[PDB]
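**Student:** Build me a structure from this.
(chains A, B, C and D, ligands or ions: 8)
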Amino acid sequence: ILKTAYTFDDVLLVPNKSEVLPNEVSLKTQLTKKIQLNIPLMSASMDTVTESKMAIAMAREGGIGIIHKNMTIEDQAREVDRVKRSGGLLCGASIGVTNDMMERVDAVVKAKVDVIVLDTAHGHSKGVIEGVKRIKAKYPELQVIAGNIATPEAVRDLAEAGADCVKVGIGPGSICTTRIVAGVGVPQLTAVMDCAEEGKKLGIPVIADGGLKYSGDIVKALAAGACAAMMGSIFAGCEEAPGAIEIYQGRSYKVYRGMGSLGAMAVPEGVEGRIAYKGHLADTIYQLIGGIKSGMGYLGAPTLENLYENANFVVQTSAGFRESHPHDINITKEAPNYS
Amino acid sequence: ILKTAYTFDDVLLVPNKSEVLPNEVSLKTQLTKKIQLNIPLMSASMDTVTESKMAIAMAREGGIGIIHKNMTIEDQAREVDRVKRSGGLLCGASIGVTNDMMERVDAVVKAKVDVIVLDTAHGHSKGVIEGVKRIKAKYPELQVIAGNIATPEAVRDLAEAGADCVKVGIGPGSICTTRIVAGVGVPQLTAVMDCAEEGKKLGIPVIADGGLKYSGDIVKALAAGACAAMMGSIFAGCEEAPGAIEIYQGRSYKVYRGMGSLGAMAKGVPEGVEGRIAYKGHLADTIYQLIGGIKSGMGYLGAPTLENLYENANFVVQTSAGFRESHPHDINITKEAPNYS
Amino acid sequence: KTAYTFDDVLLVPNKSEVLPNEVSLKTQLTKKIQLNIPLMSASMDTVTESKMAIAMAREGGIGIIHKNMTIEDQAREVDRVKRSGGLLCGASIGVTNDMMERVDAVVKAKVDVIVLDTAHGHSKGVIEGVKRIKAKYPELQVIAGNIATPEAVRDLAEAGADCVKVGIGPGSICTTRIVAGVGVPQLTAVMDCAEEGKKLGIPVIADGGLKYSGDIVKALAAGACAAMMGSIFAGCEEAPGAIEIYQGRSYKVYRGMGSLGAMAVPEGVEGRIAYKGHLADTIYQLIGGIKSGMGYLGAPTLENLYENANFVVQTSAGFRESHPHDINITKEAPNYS
Amino acid sequence: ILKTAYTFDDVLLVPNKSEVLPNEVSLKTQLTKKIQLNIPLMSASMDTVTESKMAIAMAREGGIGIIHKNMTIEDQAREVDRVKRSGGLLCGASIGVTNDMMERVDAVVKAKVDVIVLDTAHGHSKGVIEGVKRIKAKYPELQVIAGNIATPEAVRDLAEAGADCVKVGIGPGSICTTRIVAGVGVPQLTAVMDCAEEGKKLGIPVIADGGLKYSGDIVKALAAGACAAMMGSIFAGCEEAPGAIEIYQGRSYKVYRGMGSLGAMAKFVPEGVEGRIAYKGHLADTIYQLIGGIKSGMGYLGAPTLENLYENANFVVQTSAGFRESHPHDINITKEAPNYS
Ligand SMILES: O=C(Cn1c(-c2ccccn2)nc2ccccc21)Nc1ccc2ccccc2c1
Ligand SMILES: O=C(Cn1c(-c2ccccn2)nc2ccccc21)Nc1ccc2ccccc2c1
Ligand SMILES: O=C(Cn1c(-c2ccccn2)nc2ccccc21)Nc1ccc2ccccc2c1
Ligand SMILES: O=C(Cn1c(-c2ccccn2)nc2ccccc21)Nc1ccc2ccccc2c1
Ligand SMILES: O=c1[nH]cnc2c1ncn2[C@@H]1O[C@H](COP(=O)(O)O)[C@@H](O)[C@H]1O
Ligand SMILES: O=c1[nH]cnc2c1ncn2[C@@H]1O[C@H](COP(=O)(O)O)[C@@H](O)[C@H]1O
Ligand SMILES: O=c1[nH]cnc2c1ncn2[C@@H]1O[C@H](COP(=O)(O)O)[C@@H](O)[C@H]1O
Ligand SMILES: O=c1[nH]cnc2c1ncn2[C@@H]1O[C@H](COP(=O)(O)O)[C@@H](O)[C@H]1O
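**Tutor:** Numbers count the residues shown, from 1 in each chain, chains lettered A, B, ... in the order given. Ligands and ions are numbered 1, 2, ... in the order given. Let me share the structure:
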């Protein structure tokens, strides 16, 4: 009708002439204008992904973790404190549009938090916009990420409110049912391209949040203009993630649920389930890092800015999708970076 | 060849700036120019969906039930009389193009019915047009819904026949095999927005009938210009629905069949199937989930009213790959969700 | 260009003054051959012989006897049909050395229509075939297949063919598009050939890929004078072969004429299909479906169907909406699955 | 975003007028200007696909096999020698970009190799262009194939580097995960078609490598303009391939793995997977079916030669439903088909 939007599986990157080996690329990126990460990875702010244990591991990996707000204000400030009490580690906290929102900001700021994430289901709303201005009035130097959005117009209005960064993604999450119960959402790839274009026109970087399943998907997001990528599912199985280990018919599992699921709220827009135990975060990141560098090797990109400036996309069909994945083969040895 | 028509699964709505919250929006819709609903929901006129018990619950919930015509004229009048006697409640009655069509209409009008619906497989037929013209000639004050159509040309013809509202949908039904056995039909979303646009010019509202699986599908149908959504499958497993609770493999199910199926025809070539649907419980609990999802969508599009929703709605087309990520993926769902399965 | 098959498209409802019990299914197969209903059984060694061809003509269609037998045997099969009242009968010939001997035999048996069935109808061998036959028998009705292009219609109509069979690859037992990579999606194929055929006053037969009665309507609306089917009639008692039981279920062997078994590099497969029972009740569901379809388009005649037919394309999501969904079917419909 | 790119399964070939029978067509092709093959088939340079046993079988069958480089320099030169001394047989040898690459080239040339393949994940790079130049400057008469690429620009750079032949394919391999872990690649048919077109302007042939499952897939590649087709999956299950015949549940299998898999590389990040495929018996039977399938295709398009096949070939695009129609459907296949599974 208006246009057809695409997600990550609809698209492929086209190989460019390369004069750079995968081990020669640099994954440095600017999260906000005052905060630089060594790798463009962020762990999701959920009660089953990121607490003290995960945030410390991520920051030590060159990324950053966002402490979830599904706890008391006192507890969250203590979680942030733990991360800051172990070296100069970057740490983020989650803030929501509520009645005690400023009291919550006051606590984590005193806990010396680096970045604040103001995430609601609908970022392009009166609550979020006025909320950002209200936070930027008391703490002008505090770095603020707002979300989530899916349109260029939302990027502009959030920038006007004083946001330093915006989170992009309405519906792509593996645990998300927003597009099903509300019928609302924009396919993540198109959403990232449209928002990053407007973002680079105003000087405000964007974050690709949700829908990422493979390392190659991250390369598509980074080549679409995203300054960083947020994942829950990929990190939820890691040992650094909250929750106990469950054994189900010989295999090991970890629980994983959306912040809009029934259990987390204790009308839902998320589900609740389990994912396979992956082990330590370091091993997951290694395969992710290696895959991205390999991708940037194919495109001749030494940095992430060169990746974006010289990336060409092509659309693939259902048949092309089957060709991209391994096919007509009975896999006997599982790979660390696939399935 | 002519064009590409889309269904609900094909599209998604784009979020607008929002200065409203889901608990602040109004769901009041306008069925006909005289009949107003509090929520744009109505139960399908099917022998396994809407009887007096269901029609009562639908009305008290803010919507309206439509009594099916698979029974004697005397019995259908009694079903309506049961609904209207228990409080001042809205009620609908189904009429078909038959020989005793007018006498069936005569009976339900005597039972103080609010709206008549001339539902048939092919609404854009001579029998319906001449049929509506007779009902409107005898009862000029009686509100008439006529279906089913799928093209704007049929909207012009039925409205010209005197209809007050039209019902859209040929094929979308969960129990429907019309598109398979006849090869005839139009994907419901394209069908709805085509007819609603034409009906908007003539001032005749349209009804999105069939094909709605989740609460988000309704939001799409309302944004496409429909004034109300008709559903059979969603309500079929509810307590207020006709039929006994049958147990299959230790789970509770109710029988749900098509009006054009083999079983329904025997009651009084098939274009429907017969099957079972899980028992969902009381209607209020199912309506609550539907309303909540609809109010969320209107919160996302920043629309306080159903009209404003239609005025500022932007659809985007997703592929089968986009359909995958739109649903939950890469996770073993263990806990149960009230609005997803 | 992207070409479509039957499941890609849907017919759009028109204004209707006619009812399904009033329509007419009379069609003109050739110029001087007409059927009461536009259905014909495939000339396959597991579908059509005298018993099937007799049943087909009695219902109002016509069956074509397969050529996978001796010239004497196929001549007897035709006679067995012709003896059983004034019943229509068809016979298939191929581009062979004794093709003229086979033609002479079935003509002597007073067959009504002949069909040259080749994998590639648009070839030198088939054009010579039609032209050589029409020289000896200017009054013998000839169908020629298979083709998929309008150019092929022209070249075949100019050879003296009375009708052309359309379909390369849609067959349920076919692997041509897989082993050769050649073919055209049947709907676009019939639609393109039908338009060219109307210009020349030559009818086209939609052959292969027909699963439901709605699919048959789509072909007729595209401009096909008739529809040929193997799979829908394969499991019937009137079809050749014996009933084989496999793990409790009664099946009949159905196989492509280009499979290893029928040849005794294949372009067909050999499989089993469920026992459907008598042909009469299958036809009753097909005819009634086609009637329903025509009623939706306000078409009293087949030629009126084609003139006012408007197609529309659906996605794979619209496909899942067209079939019955989100319900556990407990009773098998007589015309669906 | 650019145009949409297609896979073999996305398209079909339109039949042409034909005066030729499949038994009359010729399958001769020029792999390079100096090298001619009786049949346009190649085996992949992989440790689970091609060694002297396979190369000899491929050669005797009219094609050529490329010895892989997962062995020492003395071992590979030894394998090449076995093929050359067995009879007047063609043989290829695979080379990678390393410090000992010129030493390895010297060895296989001394073994009288016919063609060198510079195999790498990304042929369009500084390393490969320098390699082709460094080799050609020392061995001007030696035939050099370069890959892998997927763009016409890469063709020009390789041709300008001195390459005699270009291998295309980024990610279509059956055991490949490059498009999944790097998100990089081009659907093979579009790649082959683009690279062949640029090749025709320059006068340099292109190989279609990977993603071929059926004989009909090969025909599309050849019609797109490729000079030959390189296959791993189709050949790896044969007896002449390396690796023992493994058994599982009364069914005999063989091990087939990608050269970028964890097992073949022997921390690292893999771009391939290891698995198992069915035992197909002898290569002679497999080749016979592939040849027969191509001869059939050429007869459909009225093409007596491969060059005549490319010139009058018309492609059409099919949807998902067309894909279902193209394959066998609604039938329980009982007997085994020698060219379909
Ligand atoms: O709050 C939720 C659902 N929800 C979630 C959640 C979080 C992330 C993604 C999806 N849903 N978490 C919740 C926790 C409690 C209650 C409702 C919740 N959804 C909406 C929907 C429309 C809105 C319009 C304007 C302003 C806010 C709106 C909020
Ligand atoms: O004859 C068959 C295969 N075949 C079939 C068959 C029939 C219909 C559809 C597909 N295949 N039946 C056969 C019976 C015996 C031997 C081969 C057969 N295939 C071909 C393929 C290309 C041709 C090009 C020019 C002239 C004739 C050509 C024939
Ligand atoms: O009557 C039914 C089938 N049918 C149904 C039904 C109702 C809704 C959706 C699908 N089918 N209910 C029936 C009850 C009795 C007999 C037939 C019935 N279908 C048709 C089909 C084409 C028509 C064309 C012109 C006029 C009327 C036509 C009717
Ligand atoms: O070589 C591999 C991975 N790899 C493979 C392999 C072979 C064929 C297809 C895919 N991958 N085989 C390997 C063997 C050892 C180590 C890495 C290997 N990956 C890449 C990816 C992008 C590059 C860009 C410029 C230069 C070199 C690049 C290398
Ligand atoms: O329950 C919810 N409903 C919808 N989206 C959610 C919910 N919980 C988390 N998300 C989003 O999904 C992202 C992670 O999804 P995933 O990594 O693709 O599994 C988070 O960073 C949030 O943006
Ligand atoms: O048997 C039938 N054949 C075709 N459509 C039907 C039949 N019975 C009911 N319908 C339609 O399908 C609607 C309900 O389908 P659902 O709510 O989408 O499951 C009804 O309101 C009718 O419009
Ligand atoms: O072996 C074969 N290979 C390819 N096509 C075949 C073969 N046998 C029959 N056909 C075609 O397929 C049609 C029937 O297919 P179906 O109706 O789709 O089952 C026949 O009328 C022939 O046109
Ligand atoms: O591990 C790998 N990763 C990616 N591609 C590979 C790998 N190993 C082999 N290939 C390619 O895949 C081709 C064979 O794929 P197939 O014929 O589709 O099985 C080879 O000729 C190589 O071009």
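
**Student:** Which parts of the stretch 51-200 of chain A are strands?
**Tutor:** Counting by DSSP state E, counting those that start in this stretch, the stretch 51-200 of chain A has these strands, from start to end: A:64-67, A:92-95, A:115-119, A:143-149, A:165-168.

**Student:** Please give me every residue in contact with residue A:171.
**Tutor:** Going by C-beta atoms under 8 Å, 6 or more residues apart in numbering or on different chains, residue A:171 touches A:178-179, A:184-186, A:188, A:210, B:12, B:325-326. For the C-beta atoms, the positions are set from N, CA and C on the backbone; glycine is no exception.

**Student:** so what's the backbone phi/psi at residue A:11?
**Tutor:** Backbone geometry at residue A:11, expressed as degrees, to the nearest 10, gives phi -140, psi 150.

**Student:** who's it bridged to?
**Tutor:** Judged by DSSP bridges, the bridge partners of residue A:11 are residue A:315.

**Student:** Who are the contact partners of it?
**Tutor:** If a contact means C-beta under 8 Å, 6+ apart, then residue A:11 has A:189, A:220, A:313-316, D:1 as its contacts.

**Student:** Over to residue A:168?
**Tutor:** A:147-150, A:188, A:191-192, A:195-196, A:206-209, A:226.

**Student:** and what of residue A:117?
**Tutor:** Neighbours of residue A:117 in contact, by C-beta under 8 Å, 6+ apart: A:45, A:66, A:92-95, A:145-147, A:167.

**Student:** helices and strands around the top helix by length along chain A, which ones?
**Tutor:** Looking only at chain A and at elements set by DSSP state H, the helix with the highest residue count is helix A:281-298. Secondary-structure packing of helix A:281-298 (3 or more C-beta pairs under 8 Å, 6 or more residues apart in numbering or on different chains; DSSP states H and E): helix A:52-61, helix A:215-223, helix A:233-236, helix D:178-181.

**Student:** you'd agree residue A:205 is up against residue A:198?
**Tutor:** No - contact criterion C-beta atoms under 8 Å: residue A:205 and residue A:198 do not qualify, at 11.4 Å.

**Student:** residues near the residue in the stretch 201-339 of chain A that chain C sits nearest to, how many?
**Tutor:** Here the residue of the stretch 201-339 of chain A nearest chain C is residue A:318; by C-beta to the nearest C-beta that distance is 7.8 Å. When neighbours are defined as other C-beta atoms under 10 Å in any protein chain shown, residue A:318 has 18 of them.

**Student:** For it, which non-adjacent residue is closest in space?
**Tutor:** Distance criterion C-beta to C-beta, 6 or more residues apart in numbering or on different chains; nearest residue to residue A:318, sequence neighbours excluded, is residue D:320 at 5.4 Å.

**Student:** Stretch A:77-92: which residues count as buried?
**Tutor:** Within stretch A:77-92, the residues that qualify as buried by neighbour count (16 or more other C-beta atoms under 10 Å in any protein chain shown) are A:77-84, A:89-92.

**Student:** quick one, what contacts residue A:32?
**Tutor:** Neighbouring residues of residue A:32 by C-beta under 8 Å, 6+ apart: A:115, A:143, A:145, A:164-165, A:205.

**Student:** Swap in 6 Å and give it another go.
**Tutor:** Listed by C-beta atoms under 6 Å, 6 or more residues apart in numbering or on different chains, the contact set of residue A:32 reads A:143, A:164-165.

**Student:** Kindly indicate which of those residues lies nearest ligand 2.
**Tutor:** residue A:165 (61.4 Å; C-beta to the nearest ligand atom).

**Student:** That closest one against residue A:146, yeah?
**Tutor:** No - with contact defined as C-beta atoms under 6 Å, residue A:165 and residue A:146 do not form a contacting pair (7.6 Å).

**Student:** how many other residues sit next to residue A:99?
**Tutor:** Neighbours of residue A:99 under the rule other C-beta under 10 Å: 6.

**Student:** quick one on the thing from earlier: can you list the contacts of residue A:11 in CSV and add distance to ligand 7?
**Tutor:** Formatted as CSV, the contacts of residue A:11 follow (distance: C-beta to the nearest ligand atom, whole Å):
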residue, distance to ligand 7
A:189, 39
A:220, 41
A:313, 39
A:314, 34
A:315, 32
A:316, 30
D:1, 38
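
**Student:** By neighbour count, which of those wins?
**Tutor:** Going through the contacts of residue A:11 with other C-beta under 10 Å as the criterion, the one with the most neighbours is residue A:220, at 31 neighbours.

**Student:** Contact residues of chain A facing ligand 4?
**Tutor:** A:18, A:21-22, A:294, A:297-298 (C-beta under 6 Å from any ligand atom).

**Student:** Please repeat the previous calculation with a cut-off of 8 Å.
**Tutor:** With the criterion set to C-beta under 8 Å from any ligand atom, chain A comes near ligand 4 through A:18, A:20-22, A:294-295, A:297-298, A:300.

**Student:** tell me which of those is nearest to ligand 1?
**Tutor:** Proximity of those to ligand 1, judged by C-beta to the nearest ligand atom, is greatest for residue A:295, which lies at 29.1 Å.

**Student:** Would you confirm that that closest one contacts residue A:219?
**Tutor:** Yes - contact criterion C-beta under 6 Å: residue A:295 and residue A:219 qualify, at 3.6 Å.

**Student:** contacting residues for residue A:211?
**Tutor:** With contacts taken as C-beta under 6 Å, 6+ apart, residue A:211 has the following neighbours: A:172, A:188, B:325.

**Student:** my read: the first one touches residue A:210, true?
**Tutor:** Yes - using C-beta under 6 Å, residue A:172 is in contact with residue A:210, at 4.0 Å.

**Student:** With ligand 3 as the reference, measure out to residue A:194.
**Tutor:** Taken as C-beta to the nearest ligand atom, to the nearest Å, the spacing of residue A:194 relative to ligand 3 amounts to 42 Å.

**Student:** let me redo that: residue A:46
**Tutor:** From residue A:46 over to ligand 3 (counting by C-beta to the nearest ligand atom), the distance is 46 Å.

**Student:** residue contacts, that residue?
**Tutor:** Under the criterion of C-beta under 6 Å, 6+ apart, the contact list for residue A:46 reads A:68, A:232, A:259.

**Student:** Backbone dihedrals for the last one, both of them.
**Tutor:** Here the main-chain torsion angles of residue A:259 (degrees, to the nearest 10) amount to phi -70, psi -10.

**Student:** All set, thanks.
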